């Protein structure tokens, strides 16, 4: 599994800030937009993009406050990420897109799709944000940690002062051991403790046990839209998963229209780090089938 990040930096100005993105592949055709989540960056897509770049433009931004994107003094609410991602997409002048989305990247991508349904030609997704009705529906091994994350004093001490989301939670989201080179890539944007605000706000935005109520409502609405939409769908899942256990992936594979589901084997949250070749190869082949009438 490759540790390098061999992508030239591209930058675009967005609402007075600068955002970084990977941009490879041909200039024409429908672009494939890759959206990472917490606590990653476009680095998480590094071994998936090469399977897709021969046939499609691949665009992989770093969320505001993350990766190589700028770090304004925001709260980094989900609302803030929505604002910047909306403006990022318009700044590149994208028209129709295929979405490849993960974790908080999936909340951004589904929320954007719901509002721009004519511009989404397909959605590939994995370990994505859905409403978690009670804490019993959160994986037992991660319950006490995320419950502590969702406090102001203790959670900020863990995530901001002690960098637990990077040093502890992140490697706990991968079945295989991350190498020191891979850890340093994930560590790079957050070496300065003050810059770890998004890492703490994100778990406090998670729609768990009905709170925060604004995020729960928004996530419910895009899951409603997703069950209504004929858009082609590709769902990757692993065992045991974190956000999406296998029983839930099996349920969604039938309840979502026009949905193909792919078992990646063992996996927790960063499925991309456990089986990038399967995910990248299946995305590339699925993209081809989107051009077949039938």
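Residue numbers count along the first chain shown, from 1.
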Average Cα temperature factor in the PDB entry - higher stretch of 189-197, 207-215: 207-215
Between 176-184 and 131-139 (mean CA B-factor, as deposited), the higher: 131-139
C-alpha B-factor winner, where the candidates are 31, 50, 246, 39: 246
Member of 109, 72, 122, 171 with the greatest C-alpha B factor (per the PDB record): 171
Third of chain Cα B-factors occupied by residue 26: middle
CA B-factor placement of residue 79, once the chain's modelled residues are sorted into thirds: middle
Third of the chain, ranked by Cα B-factor, where residue 269 sits: middle
Residue 45 CA temperature factor, ranked by third within the chain: lowest
Residue 223 - which third its CA temperature factor falls in, relative to the rest of the chain: highest
